[PDB]
Amino acid sequence: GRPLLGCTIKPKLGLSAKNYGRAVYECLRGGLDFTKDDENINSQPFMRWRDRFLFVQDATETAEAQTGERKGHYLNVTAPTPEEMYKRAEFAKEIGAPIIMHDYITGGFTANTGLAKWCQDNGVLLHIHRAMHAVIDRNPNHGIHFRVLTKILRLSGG
Amino acid sequence: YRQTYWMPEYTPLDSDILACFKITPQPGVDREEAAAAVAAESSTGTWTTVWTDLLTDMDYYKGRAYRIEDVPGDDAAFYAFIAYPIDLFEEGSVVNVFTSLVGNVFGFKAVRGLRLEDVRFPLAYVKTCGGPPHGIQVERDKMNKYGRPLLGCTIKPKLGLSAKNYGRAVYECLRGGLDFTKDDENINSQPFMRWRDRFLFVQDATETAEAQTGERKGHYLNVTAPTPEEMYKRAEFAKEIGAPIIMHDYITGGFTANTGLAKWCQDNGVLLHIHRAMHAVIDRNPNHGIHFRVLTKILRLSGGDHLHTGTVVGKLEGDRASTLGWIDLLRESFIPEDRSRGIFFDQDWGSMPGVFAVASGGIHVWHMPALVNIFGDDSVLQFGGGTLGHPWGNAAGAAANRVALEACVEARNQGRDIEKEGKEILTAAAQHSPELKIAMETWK
Amino acid sequence: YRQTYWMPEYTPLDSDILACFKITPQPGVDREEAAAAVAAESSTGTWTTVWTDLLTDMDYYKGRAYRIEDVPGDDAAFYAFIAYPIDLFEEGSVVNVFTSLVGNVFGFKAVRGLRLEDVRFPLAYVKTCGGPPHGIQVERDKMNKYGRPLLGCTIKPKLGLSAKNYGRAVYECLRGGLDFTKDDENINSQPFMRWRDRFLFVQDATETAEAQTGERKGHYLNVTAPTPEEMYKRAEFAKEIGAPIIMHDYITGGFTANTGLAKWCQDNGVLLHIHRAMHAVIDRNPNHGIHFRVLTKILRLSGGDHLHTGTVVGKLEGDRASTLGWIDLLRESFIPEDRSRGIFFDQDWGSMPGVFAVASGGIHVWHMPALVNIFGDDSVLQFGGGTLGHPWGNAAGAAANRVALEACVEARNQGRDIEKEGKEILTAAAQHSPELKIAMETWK
Amino acid sequence: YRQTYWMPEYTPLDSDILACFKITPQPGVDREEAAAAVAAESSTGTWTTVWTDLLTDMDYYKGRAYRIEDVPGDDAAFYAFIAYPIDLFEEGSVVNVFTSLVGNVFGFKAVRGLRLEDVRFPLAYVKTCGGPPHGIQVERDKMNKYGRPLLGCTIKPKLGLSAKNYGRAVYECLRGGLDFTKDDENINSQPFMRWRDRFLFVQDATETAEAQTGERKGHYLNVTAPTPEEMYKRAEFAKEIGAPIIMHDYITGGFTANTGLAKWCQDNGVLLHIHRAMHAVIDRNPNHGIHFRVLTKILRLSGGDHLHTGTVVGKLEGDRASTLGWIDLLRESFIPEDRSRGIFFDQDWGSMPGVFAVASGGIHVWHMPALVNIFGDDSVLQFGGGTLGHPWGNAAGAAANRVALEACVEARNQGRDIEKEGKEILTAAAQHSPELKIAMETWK
Amino acid sequence: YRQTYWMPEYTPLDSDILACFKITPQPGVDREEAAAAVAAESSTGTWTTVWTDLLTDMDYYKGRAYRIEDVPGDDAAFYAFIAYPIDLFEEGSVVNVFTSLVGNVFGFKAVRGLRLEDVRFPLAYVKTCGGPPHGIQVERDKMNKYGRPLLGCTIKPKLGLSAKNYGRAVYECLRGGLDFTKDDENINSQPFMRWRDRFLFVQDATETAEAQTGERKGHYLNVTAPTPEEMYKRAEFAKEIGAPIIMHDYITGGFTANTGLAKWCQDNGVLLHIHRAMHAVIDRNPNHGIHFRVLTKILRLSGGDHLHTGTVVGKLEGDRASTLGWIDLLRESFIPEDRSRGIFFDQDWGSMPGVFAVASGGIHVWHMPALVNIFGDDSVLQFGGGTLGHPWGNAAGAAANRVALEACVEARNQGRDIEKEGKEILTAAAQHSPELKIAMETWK
Amino acid sequence: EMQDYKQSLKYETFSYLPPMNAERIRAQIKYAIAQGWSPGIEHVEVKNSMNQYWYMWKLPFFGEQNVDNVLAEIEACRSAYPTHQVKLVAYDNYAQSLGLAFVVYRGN
């Protein structure tokens, strides 16, 4: 009966796992249904992906317990390798994260299709970010339209 | 031999691996000759040009000595500085770098002694190794501990305790106030106490102490094993039972095994405590061996969350600089060159997290203000005797140590000279802590 | 401290682990006190009796010093003999025994230096370890080689060769007559030459040389890796491509990793060559360290088919006894006590197979009669310079070495004094071997 | 035949395997000849020297008879003592040792009967086998039970009970006071009751009884299976459902299967109860077979936490020594030679943990003071009839047995002669236990 | 006790398991009472009715004695015939049937001795077990051997041969003419000869002999192992190297392990040779034990292609009937009851393939016509001494045995009385075979 | 003469010392501001004291230099939530960790 509410945790840079979690926790306990990992955040030296997933799951569980509403965080599983992406998605499922996020253009259509099939198999929701889409769909005389990109994305899975 | 492998004019690249060797040569041999000898035997190992030598780029694939310095106070020794291209080593292999550096040069017959003092790891090679699985800050976030050094204890005796009795020592030690207890470097799996029973009873004791105290608890469960398969099995069992930290002997166990275990710990979210057993056969002799600062660099490259570094207070006031220098090497992101502290090269670590400093051996409540002032908050203080020798028991000893630690930390935060006022601060704390008071009475 | 951990009257059990320590104590300290100190710090590590000590059998679980002897020619040092119950160690863990023996005792401040001279492994503990995967006789049966020492060569330079160029050195070396070639301790996988390409091209060269000669060929492919997973992967790839032998660095790689690799080699029927890199930082100092005979015992306990032991001829005639003693320790089933050769304990090996002795470093055709007379048939002679420095190439150098070896073996079999008549024997062989003749002309 | 395989002068080595055979020879044949015959047929099996014999060290690889003794009270039999080198057997293979000893010698036609009385396992061979997975003390620590013998019960009838009905017998038996219940040696998986349903309902009953009593409970779930795959599957399911102990038939199931299951139990922390089914076809005949003391040694070598040993009280007062001797063999670390108790060899076990003694068969509340006095605290007393035949039910019978056990243990602790005062002690206990009183009334 | 578990009127069902027990009771006890005692203790084990007994169908789930017969020539013993419902046992579990039959009845104190003479396996239970992996006819089809018995040899000595020397005995034995060679029951993996080296060198020798002869060759590689995992690994390695047949010790190894290995052999197309080690401790005593005919039924139920049955010629002419009876039990599809041959029950096997009969022990060229006449073509004749003791070598001995076998087979085919004319036939064959002639000269 | 250890729940750093008064709290806050750290205030139920994430009191006091206002905010948090445990923290941005963390009121 209502649109869902999300939020992108900012700044894109500098937050440790616990500080990012303590932003996500207040955002979720305030009333948003979801928070969002940035398209840049998959696993950086200042914040590793496993610590991200653990602290984010802790914050999401705490907010859900304190509010009474189902909570989620689009945990970014975009990885240099499909093996790493599948490992991150499996860890998210193991810790109980209900939704993950992928960059379907920069990550690749093959990788996005594989991740979507895995998500359908494992019952994990998939949030899709459209990073880079502007290098393709902005020029009015040369490129591929975002409507075609949308058809491609919904065919692939998300 | 001379003109070929030592270039005074050579300026070392930022990606070059630099090594400093203290050469105590045989009397009469040339300093530049000995420097080129260490450079050659650590890089190529020969001088006679064979036909296969001409198939390679000899100007590139060789180690070169670029600087010779006098050793202050020792006229019989000199410092040799050697540059190594990054191409000479496997990427991310402390084992390969260590082998290339120390395989044969220490057996050189034209020198009376050879010491590897410092090694410069360029940021390019640093970025390849996994490094510490978690690091100081991530470990602090996981354990929910801030603003004070961590407290540990070695369970003694090293021999005889069954699984349940060892657990009933660990339980009282943890419930007394120590953040951690420590398995000895000898205890991996003995006939009197098997490793699985160790892990089970230790986890039971840790969980009971955590429930009864309200603070996160841990035990460095030793996973050093005869085989890597056994080590991985023990670490996996520790994770399965929920142990938050394990311990490895990175020298006796091996650098390859330590690197594999560190990678597994980073993968599985398990903290890694590192013990430095045997380090004395290597780093004690002043004229022959490899320095503990080099060993510390190697360990932090391989991976580890804790590392024994010495108690610092155990040396005289005029012999603390090298220990402080390798402490900075272990903990800090960038350590400038410091000849007084024994830092021969600028060492840039980039984003690699630091490693907790562990002080252990013959230290009790009296050394504690000095320990706090020297180490800071990012350290682990181990009290084996200072906790088990308490007349009222392990719990009382741990409570005494914790009260002393909190009092010293608050005194430092208030701006007091904790080393100058240590006795007054400890007495004021003991006015509210009978266990602490009797602890000072015992160890005065 | 005295009465508690040293018993002059104690008679050591046949299952007890015995260790001999050369103690160079600080002047004025008591010899028995220092002996008990090594015994305690290597077994329990403390003297202050705590309440947990009374929960155990203190009379049993402790190391005791039972004999003190003078060091001949050194009034400042004495020999301490310590007995350890077999119960103090994990069964089949050279890592655990080594840690228990050398973890902390070398950092003792009341002694100026500590050397571990000899360690007695009882047959009961010996029967638990896997030992060498194949052994001398099984390796001889597999390679179909009898009646002569084996010939090896280290491919040089250590740096720069691509996979194909390294293979085209190995191919000529093998087709010239050497039974084996050797990967250097530095070469595991470098940017200029990756390990998989090494293994493939080396196997191609070995197969080609075997086909063109009619003799079984091999290459000690280095599987020393940053991680045990990588090491096992490299060994499995070597087996998959059909390499009959691999090489490991058992000190730098680690004792745990070496034991695991030896068990894998015994399981998969792959021969294991062991290199002793870094051994000099440990065994060179006469007053502080652990002896290479102890390292040899540890290596043969862990597992290995070959082991570097030194060239023997590289020392003076009056300094060969210790090398011969550890050679006997490595190769023979039972080595009686011999103070002249440095064997402090009777060492019973039972049925554990011997390990091939490897002589390498600065040896050529002239040392060869002495090498044969000293080592016997059960040894591997390595010719890096003596093969690659041949003016006619690697194949000609290998042919020269093989002809010299066969001539010396036949001369020994005929009953001649090969060391006394070495020049005559080599000249007579060179009358039929121009390559051998030019080899002596080069290396005279 | 004579001079070749029996040496009166031979002194057996501490690593030699020694076997004692009671030979009942055909009249007229030579005692030394028969001894050499057992030695040869158990080691080499032939006397005719073939050309392949000369390829081996015949002096070493053979069993030798070194002593012949008269059998007290039997002029028609003599004792043959044979020494076997440790090299003749696979390390850690009770199967191989047993086969080598008893493969063909019992079919010898020149003897009327052959009995294997005792076998000496040297500490060197003992250290290789895994032994009991947990042992008496570790099992006591895990179950949190001290100071009294354990109580068990066999669920009867052996046939007909569904899974739920068997569970509703086990539940009342456990909630009555017995520490354990026992699956019969016949019950592994029958059409009337499948093994998975057994395991599920038994675990439900055990958990309910543990919750309602406050004491750790267990059931020896039988995992004896037609195939090792099925056995491992059943054991894994027991671990998955949380069963703390399983049971195996180590003779009918096989020594290889029992050793594998014991290794799995040691790996997975599951206690192992061992039943001795079929042992009577082997150990009953006084002149032909293998003794139950040898079977007990074999079982404790293979691995097991419990073992049936007999009720001791079931024999006359003058026939208890052999049972006590094999009880000591099963439980104690070192059993000196005792001809009166049937211990022919000094048996050193080292650090291998003991195995709980199980007494079962026709024993009730009246035998109990004698059972306590004979077995001590380190034993398990099984009451099948003495619990199920109680007029008030399984729970009442178990309560009666537990009350009697506690009363007898306290009486022994007070220094009373429990066997002399058994009736008085039991009556005094029954003054507070109507179930116990009616139990004695039933079984008087 | 009497009326409850023995029914004279009961007619046994075609699906009932029938067992015949020779009871040697204590003097004065009733025959029917003892029969009911064996029936009860082998089925339910008790007489006292408990409350759990009333929850089951007691009339169904019990073993009943239906017939008692006198033992001819023994007035102190009688035959007890007991019927067991098929519902009492796990389907396809020789282990469970064997346990149910012999778990406790042999320990009965009211009988002086108990022998299990025969057991009737109904076709319904027979159809459930896998049976022999291949069978006689399928093995003949695979090996391409028809019209003559197979020839085998046990490689001796049992001790000392290295892998290559054992292989160089096997190679000459096979190339001489024997279809198979045999690993001893002692040889699975010993320190002097490891199992992998055994398998590799044996496969090399077998392949060489097959190539040089033109006949399919095999070696019963022993896969009896301490653990089922090790056994399966050895069998898988044998299949990987291409060995067509392996060997197991089905009694010492265990019935569960043997059944698993037989199922694996049926799955993987590997022939299974079965050795009957230890069988004498069980089947030798005439008044206590389980008969070798019952053991043969159990083995063929479990699975196996070959089985040792005895040489038949080794007994007197008046003691051959039982051996022939169990030979028929092993080989034939339906064996009618025969009291003279010891067949107490009609045994219908249906479609289960037969098992090759193996004759071994002290047999040479002279016994051979009798061996052929007794065993027929469907048997394996083993010549350990008769091949290795040949003065001209293993190949010559094998050639002699093969020539004698072919001559005897042709003589039987021609209609001659080979036993009556054995000397003439062998001499006529030796007129064309010097090896055979010298073989008879040696073994006359 | 030996005295037993009385077991009780603890609250990390400074919980083994007597509860701080205004002077000690002010000294700790002064230390936090002297190290360049940002003081922060958190609160949570006593049963949920072990939570990794506590309820944040307003926002961290970035650049705050007045220990009096820090203590006044502590007291305001106590007044608004009287049954909750209250903790004082100091954020270290360079290390991405907490330079100081201890409870002021132990709850009830």
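Residue numbers in this text run from 1 along the chain shown.
Using N, Cα and C of the backbone, Cβ positions are placed for all residues, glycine too.
Per Swiss-Prot, the feature active site, proton acceptor maps to D:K156 (among others). DSSP assigns D:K156 (active site, proton acceptor) to coil, not to a helix or a strand. Take the CB of D:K156 (active site, proton acceptor) and look out to 10 A: across all protein chains shown you find 22 other CB atoms.
Every protein chain considered, the tally of other Cβ atoms within 10 Å of the Cβ of D:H275 (active site, proton acceptor) stands at 29. The active site, proton acceptor annotation in Swiss-Prot covers D:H275 (among others).
Under the heading substrate binding site, Swiss-Prot lists D:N104, D:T154, D:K158, D:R276, D:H308, D:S360, citing sequence analysis as support. In this structure, D:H308 (substrate binding site) is part of a beta strand by DSSP.
There are 27 other CB atoms within 10 A of the CB of D:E185 (Mg(2+) binding site), with all protein chains counted. Look at Swiss-Prot and you will find D:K182, D:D184, D:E185 tagged as Mg(2+) binding site, backed by sequence analysis.
DSSP assigns D:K182 (Mg(2+) binding site) to a strand in the three-state reduction. If you look up Swiss-Prot, you'll see D:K182 marked as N6-carboxylysine.
Non-local contacts of D:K315 (site 'Transition state stabilizer') by the CB criterion (under 8 A, 6+ apart in sequence, same chain) comprise D:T323. Here Swiss-Prot flags D:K315 as site 'Transition state stabilizer'.
Long-range Cβ contacts of D:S360 (substrate binding site) within its own chain (separation 6+, distance under 8 Å): D:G152, D:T154, D:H308, D:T311, D:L381, D:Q382, D:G384. Using a 10 Å Cβ-Cβ cutoff, D:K182 (Mg(2+) binding site) registers 29 neighbours. Note on proximity: of the recorded positions D:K156, D:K182, D:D184, the one nearest D:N104 (substrate binding site) is D:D184, by Cα distance. Checking the recorded positions D:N104, D:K158, D:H308, D:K315 against chain E with a Cβ-Cβ cut-off under 8 Å leaves D:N104, D:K158. Long-range neighbours of D:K158 (substrate binding site) (same chain, six or more residues apart, CB within less than 8 Å of its CB): D:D184, D:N186, D:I187.
For the binding-site residues listed here (D:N104, D:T154), the lowest count of other CB atoms within 10 A around the CB belongs to D:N104.
In sequence order, the recorded positions near D:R276 (substrate binding site) (Cα within 10 Å of its Cα) are D:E185, drawn from D:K156, D:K182, D:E185. With every protein chain in view, the residue among the binding-site residues D:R276, D:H308 whose Cβ has the most Cβ partners within 10 Å turns out to be D:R276. Across the structure, D:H275 (active site, proton acceptor) and D:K182 (Mg(2+) binding site) are spaced 10 Å apart at their Cα atoms. D:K182 (Mg(2+) binding site) sits 10 Å from D:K156 (active site, proton acceptor), taking the CA atoms of both as reference points. D:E185 (Mg(2+) binding site) is 12 Å away from D:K156 (active site, proton acceptor) when you measure Cα to Cα. Once the Cα atoms of D:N104, D:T154, D:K158, D:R276, D:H308, D:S360, the listed binders of substrate, are compared pairwise, the greatest separation found is 37 Å. Other Cβ atoms within 10 Å of the Cβ of D:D184 (Mg(2+) binding site), summed over all protein chains shown, number 24. In the three-state DSSP classification, D:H275 (active site, proton acceptor) falls within a strand.
Report note: the Mg(2+) site is defined by D:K182, D:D184, D:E185, and the residues of the same chain whose CB lies within 8 Å of the CB centroid of those residues, excluding them, are D:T154, D:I155, D:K158, D:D183, D:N186, D:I187, D:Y220, D:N222, D:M247, D:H275.
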